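A.B. asks: test case, fold it:
(chains A and B)
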Amino acid sequence: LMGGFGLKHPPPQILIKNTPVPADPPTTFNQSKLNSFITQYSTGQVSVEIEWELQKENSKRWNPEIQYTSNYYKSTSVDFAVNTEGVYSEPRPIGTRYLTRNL
Amino acid sequence: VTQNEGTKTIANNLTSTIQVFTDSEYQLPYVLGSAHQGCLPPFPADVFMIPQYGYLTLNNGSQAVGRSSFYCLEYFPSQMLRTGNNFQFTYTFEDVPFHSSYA
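C.D. replies: Numbers count the residues shown, from 1 in each chain, chains lettered A, B, ... in the order given. The relevant structure is shown in the block below.
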C-alpha cells in the first residue's frame, strides 16, 4: 500500500552491536553483573549489489511520448545539485508511469 | 469504378493489390470485446462489408492530454497481397477454465 514489492521471503534484516567492553572490574569478587564499560564505536563501508530486471518500451507510438527531464531553463541552484554548502536535496518527487503504454 | 455522367460502370482492376496484417504484440488498442456490431453474418449465404477502424485515447473532454498516444498501422508489416495471391495465418489459444455450461 506504500507501493513497491512484496515477498513471502524478503531480504533479511541486518543487525549489529559493539562488543561489550567491560570497564575496570572490581579487584575483589562481586555477585552482581558488570555495568561499567568504555564508550566506543566503529565505522566501515556498506556495499550492496542490486541486480535488476527490466522491460523496455517496444511500442509503435508514432507520436513522441512524454519523458522526464530537468527543466531546460536556467535556475539559481541546479536540481539535485549540492547547494553551496554541500547539503543537497531533491527539487521534486519522481514516478514511473511515464511511458505511454497502450492499455 | 468510373462515374461518367451519372452513368457508372464497374470494371475489374487486377493490377491493384491490398495490404493486411495482424497485431500480435497487442500494440494497438484492442477494439473487439466491445462487441461492436457488423459481425460476420450470423448467416452463411449473405455477404457483408468490413467496418472502418477508429480508436480513442486519454482525454480531457474536448481536448487531450500529452499522454494521449497516436497510432498509425501503416508503420507495421503488411502482407502485400495481389489478386490470385492467397492469404493465411495461424493462431493458438492458451489455457482457460471451461465456461461452466451447466445448471
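A.B. asks: roughly how far apart are the residue nearest to residue B:56 when sequence neighbours are not counted and residue B:71?
C.D. replies: Spatial nearest neighbour of residue B:56, chain neighbours left out: residue B:29 (7.3 Å); criterion: Cβ to Cβ, 6 or more residues apart in numbering or on different chains. Every residue, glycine included, has its C-beta placed from N, CA and C. Distance of residue B:29 to residue B:71, given as Cβ to Cβ, to the nearest Å: 8 Å.
A.B. asks: what touches both of the two?
C.D. replies: residue B:55 (Cβ atoms under 8 Å, 6 or more residues apart in numbering or on different chains).
A.B. asks: list the beta-bridge partners for residue B:3.
C.D. replies: Counting by DSSP bridges, residue B:3 forms beta bridges with residue B:8.
A.B. asks: what sits against the residue of chain B at minimum distance from chain A?
C.D. replies: Closest residue of chain B to chain A, Cβ to the nearest Cβ: residue B:70 (3.8 Å). Going by Cβ under 8 Å, 6+ apart, residue B:70 touches A:61, A:62, A:63, B:57.
A.B. asks: got JSON lines for those, with secondary structure and neighbour count too?
C.D. replies: Conversion of these to JSON lines gives the following (DSSP: H, G, I helix; E, B strand; the rest coil; neighbours: other Cβ atoms under 10 Å in any protein chain shown):
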{"residue": "A:61", "secondary structure": "coil", "neighbour count": "17"}
{"residue": "A:62", "secondary structure": "coil", "neighbour count": "13"}
{"residue": "A:63", "secondary structure": "coil", "neighbour count": "12"}
{"residue": "B:57", "secondary structure": "coil", "neighbour count": "15"}
